[PDB]
Structures are given as structure tokens and as C-alpha cells.
Amino acid sequence: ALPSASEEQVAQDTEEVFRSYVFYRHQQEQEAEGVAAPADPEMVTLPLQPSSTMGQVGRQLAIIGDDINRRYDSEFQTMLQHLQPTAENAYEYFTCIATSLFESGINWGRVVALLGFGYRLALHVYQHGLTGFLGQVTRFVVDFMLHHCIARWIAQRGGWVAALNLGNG
Amino acid sequence: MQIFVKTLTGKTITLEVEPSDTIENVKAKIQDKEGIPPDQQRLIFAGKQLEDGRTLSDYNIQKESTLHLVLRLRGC
């Protein structure tokens, strides 16, 4: 695409890179285990658009955060069960862990870790019985990212197109 | 013995404790030299959330060991 980017186009590439990443991450985890597996390969699958350059952004971010993700993952669900949040206070708990994580500062490792622990959380309600939460989590994070001035920083870092200019690029 | 705790800011702080020390004591030492309330501490070792009713020998932590530190805040 073209260089430079505003906060108006960052909210669109943020939502597209948020699912394209959790998808390629659960797709490979399905071969090893089936924990929090998807609804089987059918119409209820996740139809992403890999025809765009953002398709390669999720694949890369899913590689630099592969081992660091499993390192502290068995403890994320263990404490998540002791939480037992609700649809009325779902943003009151998630906004707490995040603000408690970036409280020290902001880095590429703190963004991938956020999405990593931003999946099972939503799916945890889907199974519970609250069908129709995926649209809620989307129209919730994008608002937190634009309210916490996260979109700007990403714009100063070169937008999401700066991912190709990282380690494995 | 001496242990090394790693934070999410890239800062590592040393700590002098003993295998018979309880997890509640090590947390008090961190707030005494750092000021971080024990209610907002999520130690992590081997992908296991150590409990507050067990000692360090319970997990088999030797000397020169490293433990990650997360955070759950107390306001929310």
C-alpha cells in the first residue's frame, strides 16, 4: 500500500489484523490440541480476506509472538476461570488487565499479548450461552484503542505496515 | 539465596530469600523495596500461578531462578 496513515484508516486495519491473527494462530493450534477449538470447518468458520496485504501482517505477528505466547498461556486461563465475568461488566474487567499491563509502558510485545488474551475471553461467553458476542468485542476494543490514544502511537510507528520492517519482516 | 525477578518493562531486580520463605513474605519484600501492593502481584513460574499458602521448596525453585511478574490492578 502507500506510506503514511491516519487514525481513520488505523481503526480499519486494526480490526482486520486482529482476527486474521487469532485465526492463523488457532488454525495451527487445532493440529496439536483442540482447546477452545472453532465451530468445526463449516459456514460458521471465520471468512477473512487474505487477498489484502494485511493478510501477511497477521502471519508475521503470529511468528514473533509464538513461543512468548505459550510461555505464560497456561496461567492465563487458570486465573480467567477464577474471574467469571458478565456481559454487564465484561469491559470493566478487560479494561483492568490491559491498563494493568501497559501501565509500565507500550511496546510491540504488549500489543500482541493483548490480542492473544483477547480471544478465549470472548469465546468463553459464546459457549457459556451468550450467542452474539463477537460483534460486541469488536465494537468494544476499537473504542478503547481510539480512547487510549493507541491508534495515534501506531500511526507514529509507521502504521501496521511497519510490521514487515521488523525481525522476520 | 539470591533470585532475579524480571518485569514487563525490561527492568530486573535482585532479591535475597530462602527456600523456606513463604510466597507472602517475598511479596512483602518487593513492596518494601519497590512499593507494589501485594494485591496487584501475579508471580509466574513454569507457567504455574504459585499459591500464597505454599513455600518456595514446594515448587522446587533453586537459586539464581527467574520469575515473571504480571499485574491485575486493585482499583478494578
# chains A, B, ... in the order shown; residues from 1 in each chain; ligands from 1

$ residues_around --residues "range 36-49 of chain B" --least-positions-apart "4" --cutoff "9 Å" --atoms "only C-alpha atoms" --output "ChimeraX atom specification"
/A:70-76,78-79,100 /B:24,27-28,30-32,59,61,66-74

$ interface_residues --of "chain A" --to "chain B" --cutoff "12 Å" --atoms "only C-alpha atoms" --output "PyMOL selection string"
chain A and resi 68-80+83+89-110+113

$ atom_distance --atom1 "CA of residue 46 in chain A" --atom2 "CA of residue 5 in chain A"
27.1 Å

$ select_by_dssp --residues "chain B" --states "alpha helix (DSSP H)" --output "mmCIF file with N, CA, C and O atoms, in the first residue's frame"
data_model
loop_
_atom_site.group_PDB
_atom_site.id
_atom_site.type_symbol
_atom_site.label_atom_id
_atom_site.label_comp_id
_atom_site.auth_asym_id
_atom_site.auth_seq_id
_atom_site.Cartn_x
_atom_site.Cartn_y
_atom_site.Cartn_z
ATOM 1 N N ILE B 23 5.526 -17.451 50.035
ATOM 2 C CA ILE B 23 5.276 -16.501 48.906
ATOM 3 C C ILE B 23 4.750 -15.169 49.464
ATOM 4 O O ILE B 23 4.953 -14.121 48.900
ATOM 5 N N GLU B 24 4.066 -15.201 50.559
ATOM 6 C CA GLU B 24 3.535 -13.931 51.128
ATOM 7 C C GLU B 24 4.704 -13.064 51.622
ATOM 8 O O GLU B 24 4.629 -11.845 51.635
ATOM 9 N N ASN B 25 5.784 -13.681 52.026
ATOM 10 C CA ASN B 25 6.952 -12.897 52.517
ATOM 11 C C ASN B 25 7.699 -12.273 51.333
ATOM 12 O O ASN B 25 8.076 -11.117 51.361
ATOM 13 N N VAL B 26 7.922 -13.030 50.288
ATOM 14 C CA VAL B 26 8.658 -12.454 49.125
ATOM 15 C C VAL B 26 7.872 -11.264 48.573
ATOM 16 O O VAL B 26 8.446 -10.267 48.177
ATOM 17 N N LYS B 27 6.561 -11.349 48.551
ATOM 18 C CA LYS B 27 5.753 -10.210 48.036
ATOM 19 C C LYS B 27 5.966 -8.982 48.921
ATOM 20 O O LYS B 27 6.068 -7.872 48.436
ATOM 21 N N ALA B 28 6.027 -9.174 50.219
ATOM 22 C CA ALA B 28 6.237 -8.018 51.138
ATOM 23 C C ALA B 28 7.607 -7.394 50.865
ATOM 24 O O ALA B 28 7.800 -6.206 50.991
ATOM 25 N N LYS B 29 8.569 -8.193 50.513
ATOM 26 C CA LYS B 29 9.930 -7.653 50.246
ATOM 27 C C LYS B 29 9.888 -6.792 48.974
ATOM 28 O O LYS B 29 10.534 -5.768 48.879
ATOM 29 N N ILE B 30 9.136 -7.206 47.993
ATOM 30 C CA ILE B 30 9.053 -6.414 46.727
ATOM 31 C C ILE B 30 8.430 -5.034 47.009
ATOM 32 O O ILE B 30 8.919 -4.007 46.568
ATOM 33 N N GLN B 31 7.351 -4.998 47.741
ATOM 34 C CA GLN B 31 6.707 -3.688 48.036
ATOM 35 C C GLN B 31 7.603 -2.885 48.989
ATOM 36 O O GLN B 31 7.572 -1.674 49.010
ATOM 37 N N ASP B 32 8.402 -3.550 49.781
ATOM 38 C CA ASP B 32 9.292 -2.821 50.737
ATOM 39 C C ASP B 32 10.467 -2.201 49.983
ATOM 40 O O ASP B 32 11.065 -1.242 50.431
ATOM 41 N N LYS B 33 10.805 -2.748 48.848
ATOM 42 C CA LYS B 33 11.940 -2.196 48.050
ATOM 43 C C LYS B 33 11.422 -1.641 46.729
ATOM 44 O O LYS B 33 12.171 -1.073 45.959
ATOM 45 N N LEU B 56 8.591 -21.919 48.871
ATOM 46 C CA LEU B 56 9.353 -21.963 47.591
ATOM 47 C C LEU B 56 9.831 -23.399 47.316
ATOM 48 O O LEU B 56 9.896 -23.861 46.178
ATOM 49 N N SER B 57 10.168 -24.115 48.354
ATOM 50 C CA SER B 57 10.631 -25.514 48.165
ATOM 51 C C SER B 57 9.487 -26.343 47.589
ATOM 52 O O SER B 57 9.699 -27.359 46.958
ATOM 53 N N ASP B 58 8.273 -25.915 47.802
ATOM 54 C CA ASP B 58 7.110 -26.673 47.265
ATOM 55 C C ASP B 58 7.201 -26.735 45.737
ATOM 56 O O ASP B 58 6.864 -27.733 45.130
ATOM 57 N N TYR B 59 7.642 -25.673 45.108
ATOM 58 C CA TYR B 59 7.740 -25.694 43.619
ATOM 59 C C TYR B 59 9.116 -26.191 43.184
ATOM 60 O O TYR B 59 9.337 -26.482 42.027
#

$ residues_around --residues "range 6-10 of chain A" --least-positions-apart "6" --cutoff "12 Å" --atoms "only C-alpha atoms" --output "list in words"
residues 16, 17, 18, 54, 142, 145, 146, 147, 149, 150, 151, 152, 153, 154, 155, 156, 157, 158, 159, 160 and 161 of chain A

$ residues_around --residues "residue 126 in chain A" --least-positions-apart "5" --cutoff "12 Å" --atoms "only C-alpha atoms" --output "list in words"
residues 36, 38, 39, 86, 87, 119, 120, 121, 131, 132, 133, 134, 135, 136 and 137 of chain A

$ residues_around --residues "range 64-67 of chain A" --least-positions-apart "2" --cutoff "12 Å" --atoms "only C-alpha atoms" --output "VMD selection string"
chain A and resid 21 to 22 24 to 26 28 to 29 57 to 62 69 to 73 108 to 116 163 to 164 166 to 169

$ atom_distance --atom1 "CA of residue 123 in chain A" --atom2 "CA of residue 51 in chain B"
27.4 Å

$ select_by_dssp --residues "chain B" --states "strand (DSSP E or B)" --output "ChimeraX atom specification"
/B:2-6,12-16,22,43-45,48,55,66-69

$ atom_distance --atom1 "CA of residue 64 in chain B" --atom2 "CA of residue 19 in chain B"
11.9 Å

$ decode --residues "range 78-95 of chain A" --atoms "N, CA, C and O atoms" --output "tab-separated table (two decimals), in the first residue's frame"
chain	number	residue	atom	x	y	z
A	78	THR	N	-6.12	-20.28	33.64
A	78	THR	CA	-6.29	-20.75	35.04
A	78	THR	C	-6.89	-19.62	35.88
A	78	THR	O	-7.85	-19.82	36.61
A	79	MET	N	-6.34	-18.43	35.80
A	79	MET	CA	-6.89	-17.30	36.60
A	79	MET	C	-8.18	-16.78	35.95
A	79	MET	O	-9.05	-16.24	36.61
A	80	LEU	N	-8.32	-16.92	34.66
A	80	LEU	CA	-9.55	-16.42	33.97
A	80	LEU	C	-10.77	-17.16	34.52
A	80	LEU	O	-11.85	-16.61	34.62
A	81	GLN	N	-10.62	-18.41	34.86
A	81	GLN	CA	-11.77	-19.19	35.39
A	81	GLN	C	-12.15	-18.64	36.77
A	81	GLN	O	-13.30	-18.67	37.15
A	82	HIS	N	-11.19	-18.17	37.51
A	82	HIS	CA	-11.50	-17.64	38.87
A	82	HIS	C	-12.16	-16.26	38.74
A	82	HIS	O	-12.62	-15.69	39.71
A	83	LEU	N	-12.20	-15.72	37.55
A	83	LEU	CA	-12.84	-14.38	37.36
A	83	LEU	C	-14.35	-14.55	37.16
A	83	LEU	O	-15.14	-14.07	37.94
A	84	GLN	N	-14.75	-15.24	36.11
A	84	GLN	CA	-16.21	-15.44	35.86
A	84	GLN	C	-16.89	-14.09	35.67
A	84	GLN	O	-17.74	-13.70	36.46
A	85	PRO	N	-16.53	-13.36	34.64
A	85	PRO	CA	-17.11	-12.02	34.34
A	85	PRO	C	-18.53	-12.11	33.79
A	85	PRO	O	-19.08	-13.18	33.64
A	86	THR	N	-19.14	-10.98	33.48
A	86	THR	CA	-20.53	-11.00	32.94
A	86	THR	C	-20.62	-10.07	31.73
A	86	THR	O	-19.70	-9.33	31.43
A	87	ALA	N	-21.71	-10.11	31.02
A	87	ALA	CA	-21.87	-9.23	29.82
A	87	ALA	C	-22.09	-7.78	30.27
A	87	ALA	O	-21.97	-6.85	29.50
A	88	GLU	N	-22.41	-7.59	31.52
A	88	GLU	CA	-22.64	-6.20	32.02
A	88	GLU	C	-21.32	-5.61	32.50
A	88	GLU	O	-21.11	-4.41	32.45
A	89	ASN	N	-20.42	-6.44	32.99
A	89	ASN	CA	-19.11	-5.93	33.50
A	89	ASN	C	-17.96	-6.57	32.70
A	89	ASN	O	-16.88	-6.77	33.20
A	90	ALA	N	-18.20	-6.89	31.45
A	90	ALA	CA	-17.12	-7.51	30.62
A	90	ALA	C	-16.02	-6.48	30.32
A	90	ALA	O	-14.84	-6.77	30.35
A	91	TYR	N	-16.41	-5.26	30.02
A	91	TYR	CA	-15.40	-4.20	29.71
A	91	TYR	C	-14.81	-3.64	31.01
A	91	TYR	O	-13.81	-2.95	31.01
A	92	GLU	N	-15.44	-3.93	32.11
A	92	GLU	CA	-14.92	-3.41	33.41
A	92	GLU	C	-13.77	-4.29	33.89
A	92	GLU	O	-12.96	-3.88	34.70
A	93	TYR	N	-13.68	-5.49	33.39
A	93	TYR	CA	-12.57	-6.40	33.80
A	93	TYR	C	-11.46	-6.37	32.75
A	93	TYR	O	-10.29	-6.30	33.08
A	94	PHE	N	-11.82	-6.43	31.49
A	94	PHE	CA	-10.77	-6.42	30.42
A	94	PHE	C	-10.02	-5.10	30.48
A	94	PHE	O	-8.80	-5.06	30.37
A	95	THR	N	-10.72	-4.01	30.63
A	95	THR	CA	-10.03	-2.69	30.68
A	95	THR	C	-9.11	-2.65	31.90
A	95	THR	O	-8.25	-1.79	32.01
